[PDB]
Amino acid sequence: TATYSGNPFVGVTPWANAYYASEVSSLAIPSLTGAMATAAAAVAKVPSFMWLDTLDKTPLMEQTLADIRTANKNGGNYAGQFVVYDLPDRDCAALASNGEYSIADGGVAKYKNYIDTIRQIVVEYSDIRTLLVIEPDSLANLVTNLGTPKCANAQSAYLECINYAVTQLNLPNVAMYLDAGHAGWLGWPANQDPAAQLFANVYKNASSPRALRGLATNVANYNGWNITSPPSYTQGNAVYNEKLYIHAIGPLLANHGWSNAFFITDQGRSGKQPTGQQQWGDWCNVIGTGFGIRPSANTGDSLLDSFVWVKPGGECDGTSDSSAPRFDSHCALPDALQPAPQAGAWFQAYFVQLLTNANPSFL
């Protein structure tokens, strides 16, 4: 019902979900006052993506869509934004993943069951345009981390599952963007063609789904969209910002059979450049970051359908508690803000850091 032609971000308005607004209003604002408290309240109104990282989270997707349906009846012209993130043996390169499904334990079957719940929801809410980011931190590993056994052994499962998700969610009211890492990952010249080759193969293998509009980049990362000078940590890589990355891989996708692929790029934590990253590969609660460019389809660059906020600022990337199960040492590095809670949990000090270093400012 909520069909569209071309850029799915045009003709609609991204919904700022109640989940994130609850976190900010009930977990952050009570600790703030004056200017900060008022600025914080405005952050809750910026639309970001809701992550469906567990099967238990799926009911929240419907509640969100239900809120949208109600809003849309009253002049509302909103669209839902969700991240599909629950592949079996998820985050194969990490020493310890929080993923709930394991390939060796009927993981692929469970993933398909997971996708089935989501498709049923989208079909029930066909009247709502649904924008989806497909499995961050998955396909990118197949380009550079096959040297890691867990990744080598998960390749076929990753490919099978992603093919199931894209074909089953290929609906008229849906727009999917395959996670494609970021400039510092696949942007390196040597990784470009192999990456394009892979994404194009996933597209064609899924019979060129009309709903698969393109790729998503910088998800949960901090790269600049169009910074004019190379940060020290990007040395050696000519592709040091996301604009350069999509313009590099874009033509290669077409060379490999995927024409008319577009992109969306995360800027939710890219507001301050350069970041406090000591190494480009430092991904956990990086210090020296701020909210970035606001979600908008007026990108001034046709390859980019829209600036977006996929990783919600304030929600932790991982704990710095070394006694916690699945603790990752990257979250205890000198350039990671600590002490930090479990991944996904509210991290007040990081929210304040983002708000404080926001550009455009909220204050």
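So that there is no doubt, residue numbering starts at 1 and follows the sequence shown.
Asker: Look up the CA B-factors in the entry and say which stretch, 154-162 or 177-185, has the higher mean.
Answerer: Result of the comparison: 154-162.
Asker: If you average the CA temperature factors over each stretch, which comes out higher, 122-130 or 281-289?
Answerer: The entry gives the higher C-alpha B-factor average to 122-130.
Asker: Based on what the PDB entry reports, which of 271, 209, 214, 88 has the top C-alpha B-factor?
Answerer: Reading the PDB entry, the winner on C-alpha B-factor is 209.
Asker: So among 240, 111, 78, 262, who wins on Cα B-factor in the entry?
Answerer: The listed residue with the largest C-alpha B-factor is 78.
Asker: Using the B-factors in the PDB entry, rank residue 193's C-alpha atom against the chain and give the third, lowest, middle or highest.
Answerer: Its C-alpha B-factor, which the entry lists for residue 193, ranks in the middle third among residues of this chain.
Asker: Split into thirds by Cα B-factor across the chain's modelled residues, where does residue 17 land: lowest, middle or highest?
Answerer: Middle third, going by the recorded CA B-factors of the chain.
Asker: Lowest, middle or highest third: which one holds residue 57 when the chain's residues are ordered by CA B-factor from the entry?
Answerer: It belongs to the middle third of the chain when residues are ordered by C-alpha B-factor.
Asker: According to the PDB entry, is the CA B factor of residue 10 in the bottom, middle or top third of its chain, that is, lowest, middle or highest?
Answerer: Ranked within chain, residue 10 CA B lands in the highest tercile.
Asker: Within this chain, which third does the Cα B-factor at residue 143 fall in: lowest, middle or highest?
Answerer: It falls in the middle third of the chain.
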